[PDB]
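To start, the structure itself, in C-alpha cells.
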Amino acid sequence: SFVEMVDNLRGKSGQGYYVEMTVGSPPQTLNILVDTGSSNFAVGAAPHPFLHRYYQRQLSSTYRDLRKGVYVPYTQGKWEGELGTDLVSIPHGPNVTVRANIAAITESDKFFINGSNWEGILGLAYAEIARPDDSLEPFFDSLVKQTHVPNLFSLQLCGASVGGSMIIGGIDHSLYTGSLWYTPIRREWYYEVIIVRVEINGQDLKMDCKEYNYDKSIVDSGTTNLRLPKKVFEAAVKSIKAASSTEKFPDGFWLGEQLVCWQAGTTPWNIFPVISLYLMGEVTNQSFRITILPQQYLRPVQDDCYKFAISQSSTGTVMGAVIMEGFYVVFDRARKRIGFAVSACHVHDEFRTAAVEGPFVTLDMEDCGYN
Ligand SMILES: CCCN(c1cc2cc(c1)C(=O)N[C@H](CN[C@@H](C(=O)/N=C/C(C)C)[C@H](C)O)Cc1cccc(c1)CCCC2)S(C)(=O)=O
C-alpha cells in the first residue's frame with residue numbers, strides 16, 4: 001500500500017512541494033504544501049487572486065467552529081485566520097479519515113504565490129511551535145492518535161516543475177539505495193539536528209562546531225535553499241568562489257539575486273565544489289556525512305540558467321529542499337531520529353556522486369549544539 005503513495009508530490013521550482021488532500025463533508029479537494037518547518041494545518045478559505053479554489057466551510061456538514069483566531073508568520077509570507085475542525089483525508093495516502101484542526105485563512109500577505117497550484121499548508125513539525133500555542137494539536141499527531149498509522153513519515157523530493165513522494169506511516173525500500181543513516185532529533189519542536197563538521201571539496205572549514213548550529217539547525221521541506229548562519233555562509237561562499245575562480249560572476253549571483261547562464265549543455269559543473277555536511281550519529285563519538293553536488297545548490301530557473309541556492313540566515317541552519325533533493329529522508333518521530341539515504345531519483349554526474357557515508361568518528365559532538 002505504500003506503492004499508492006509513490007509520486008504523490010508535485011510542485012514548481014522554488015515554490016514548495018504539495019500533496020492532494022480533501023477536507024469536509026462532502027470532500028473538498030485541495031492541494032496542500034508539505035512543510036516540516038511549521039506545525040499548523042491551514043487552507044485558503046476566502047477568495048484571493050492567486051487561489052484557484054478554497055475551503056468553503058458553509059458547504060461542509062462536519063465543520064465545527066472553535067471560535068478562535070490565529071496567525072502564523074513564516075520566514076517568507078504570513079496569514080491570519082479562524083480556527084475550526086473538520087474531516088480530512090489524503091487520497092494518495094493512507095486509507096483513513098481523521099478529524100483535524102484547520103485554520104481557515106481569511107487574510108494573508110505574500111503567502112500564496114501567483115500561479116501556484118497549492119491553496120494550503122500542512123505543518124508536519126511538533127506542537128511546541130504551533131500557533132497560537134502548543135494546545136493546538138498538529139495534523140500528524142491527530143492522524144496517529146485516531147488511527148493505526150505508525151508515527152513516522154518519509155519524504156522523497158525529486159528535482160526537475162518538480163515531483164516526489166510522501167510515504168505516510170513507514171519506509172518504502174524501493175525508493176532508496178544503500179543504507180539509511182540516522183541523526184537524532186535533538187528536541188521536538190522544529191526537526192532540529194546537529195551538524196558536527198563541514199567540508200568543501202574535501203577540505204574542513206575548520207570553524208568552531210557551534211557556528212554550524214548557531215541558534216539551531218533544522219530540516220525544513222518548506223524552504224527552498226540551504227540556509228547558513230552569517231559566519232558560516234561567508235566562509236562557504238569564499239571557498240566556493242575560490243574553487244570556481246576560473247570564471248567570474250556578477251556577484252548579485254552569490255547573493256541569489258542574479259541568474260547565471262551558459263549555452264545549453266555547457267554548464268561547467270566541475271568547477272563547483274561538493275559540500276559535505278557531517279551529522280551527529282546514533283552512537284557515542286559517531287557521525288555520518290551527506291554530500292551534495294552543485295546540481296543541487298544551483299537551482300535551474302534559451303540557455304541553461306541557475307540561481308545560487310545557498311543563502312544567509314540569522315536564525316540558524318536551514319536544510320531546505322536543495323539539501324533534501326536526491327535523498328530519501330525518514331522523519332522517524334517514534335524513535336526521535338531523522339534518516340538519510342541516497343534516493344532512487346538522484347542527479348547524475350559522470351564523475352561525482354551525491355552520497356550518504358559512514359560511520360565516522362567525531363569527538364565531543366555535544367559541544368556542537370548551541371545553548
Ligand atoms: C526568503 C526567505 C528564506 N527562503 C525561503 C523560501 C521559501 C519559503 C521559505 C523560506 C519558508 O519560510 N517556508 C515555510 C516553513 N519554514 C520556515 C517557517 O517560517 N516556519 C514557521 C514558524 C514555525 C512560525 C523556517 C522556520 O524558516 C513554509 C512556506 C511558506 C510560504 C511559502 C512556501 C513555504 C513555499 C515555498 C516558498 C519559498 S530561501 C530563499 O529558500 O532561503
Side-chain angles (χ1 to χ4, degrees), residues 9-19 31-44 48 50-51 70-81 103 105 108-134 136 138-140 155 157 161-162 164 187-193 213 215-230 232-233 236-237 252-259 296-299 301 306-325 331:
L9 300 186
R10 291 156 56 206
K12 291 190 180 182
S13 173
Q15 300 183 7
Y17 291 72
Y18 58 84
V19 70
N31 284 333
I32 307 301
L33 199 59
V34 171
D35 180 29
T36 63
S38 63
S39 305
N40 282 87
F41 180 48
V43 295
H48 189 280
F50 295 167
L51 287 177
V70 57
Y71 83 83
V72 176
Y74 304 87
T75 304
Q76 171 174 127
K78 48 179 158 24
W79 54 260
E80 55 181 48
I105 301 179
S108 65
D109 179 42
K110 293 188 286 291
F111 177 70
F112 299 118
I113 303 177
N114 187 23
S116 164
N117 202 33
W118 56 261
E119 42 268 351
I121 184 169
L122 179 61
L124 290 167
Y126 302 92
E128 299 192 16
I129 62 176
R131 305 301 186 96
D133 51 63
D134 58 26
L136 198 75
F139 173 81
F140 202 85
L155 288 175
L157 308 184
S161 157
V162 296
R187 174 177 160 204
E188 304 177 352
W189 58 329
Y190 301 100
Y191 288 99
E192 191 202 20
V193 298
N213 316 283
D215 201 10
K216 55 182 177 301
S217 290
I218 72 176
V219 184
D220 181 13
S221 64
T223 290
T224 304
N225 291 3
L226 166 62
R227 308 188 63 222
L228 302 170
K230 178 187 204 287
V232 181
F233 171 79
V237 168
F253 162 88
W254 297 111
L255 294 164
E257 292 165 351
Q258 298 175 253
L259 294 71
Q296 281 162 266
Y297 62 78
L298 294 179
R299 185 173 63 85
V301 293
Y306 309 87
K307 282 199 20 176
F308 191 58
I310 302 178
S311 47
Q312 188 174 328
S313 170
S314 58
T315 60
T317 294
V318 184
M319 294 173 60
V322 299
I323 298 297
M324 298 184 64
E325 278 166 9
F331 294 80

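In this chain, numbering begins with 1 at the start of the sequence shown. These values consider heavy atoms only, across backbone and side chains, with no hydrogens, waters or symmetry-generated copies. All ligand and atom numbering here is 1-based and tracks the order in the structure.
- Contact analysis leaves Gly77 out of contact with ligand 1, as no non-hydrogen atom separation drops below 4.0 angstrom.
- For atom 25 (C) of ligand 1, the closest heavy atom belonging to the protein is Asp220 OD2, 3.2 Å.
- Closest to atom 40 (C) of ligand 1, if we only count protein heavy atoms, is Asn225 ND2, 3.6 Å.
- Atoms of ligand 1 found under 4.0 Å from any heavy atom of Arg227 (numbered from 1 in listed order, with element): 3 (C), 42 (O).
- Among all non-hydrogen protein atoms, the one lying nearest atom 31 (C) of ligand 1 is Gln76 O, 3.4 Å.
- With sequence neighbours left out, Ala42 forms a side-chain contact (heavy atoms from CB on, under 4.5 Å) with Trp79, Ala103, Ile105, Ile121.
- The ligand atoms of ligand 1 that sit less than 4.0 angstrom from a heavy atom of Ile129 are 23 (C).
- In summary, the atoms of ligand 1 found under 4.0 Å from a heavy atom of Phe111, numbered by their order in the structure, are 30 (C), 31 (C).
- At a 3.5 angstrom cut-off on N or O pairs, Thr75 counts as close to ligand 1.
- In this structure, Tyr297 and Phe308 have perpendicular ring planes: the angle between them is above 60°, well past the 30° mark.
- Regarding atom 5 (C) of ligand 1, its nearest protein heavy-atom neighbour is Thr223 CG2, 4.1 Å.
- Salt bridge status for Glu128 with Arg187: present, with a side-chain N to carboxylate O gap under 4.0 Å.
- The shortest side-chain heavy-atom distance between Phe233 and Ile310 falls under the 4.5 Å cut-off.
- Heavy atoms only, all atoms of each residue included: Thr317 and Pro229 are closest at OG1-CD, 3.3 Å.
- Here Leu33 has side-chain heavy atoms under 4.0 Å from ligand 1, and that is the only part of it that gets that close.
- Looking only at side-chain heavy atoms (C-beta outward), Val72 and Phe111 stay at 4.5 Å or farther from each other.
- Across the listed options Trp118, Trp79, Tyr18, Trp118 owns the non-hydrogen atom lying nearest to atom 32 (C) of ligand 1.
- With a heavy-atom cut-off of 4.0 Å, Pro73 touches ligand 1 through its backbone alone.
- Close N/O approach between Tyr190 and ligand 1 is not found [any backbone or side-chain N/O within under 3.5 Å].
- The heavy atom nearest to atom 22 (C) of ligand 1, out of those in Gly37, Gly256, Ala321, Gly222, is found in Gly37.
- For the salt bridge (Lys or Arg N to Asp or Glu O under 4.0 Å) test, no residue two or more places apart in sequence or in another chain qualifies with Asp133.
- Residue contacts with ligand 1 include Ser311, since one or more of its heavy atoms lies under 4.0 Å from the ligand.
- Listed for the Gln296 side chain is a donor-acceptor partner under 3.5 Å among the backbone atoms of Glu325.
- A distance-only check finds no donor-acceptor pair linking the side chain of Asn225 to the backbone of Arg227 [under 3.5 Å].
- Remark: ligand 1 and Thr224 share an N or O pair separated by less than 3.5 Å (distance only, no angle test).
- Look at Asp35 and you'll find a heavy atom under 4.0 Å from some atom of ligand 1.
- Taking a cut-off of under 4.0 Å to the non-hydrogen atoms of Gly16, the atoms of ligand 1 that pass are 36 (C).
- By the 4.5 Å heavy-atom criterion applied to side chains, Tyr126 and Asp134 are not counted as neighbours.
- Counting only heavy atoms from C-beta outward, the side chains of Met319 and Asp220 never approach each other to under 4.5 Å.
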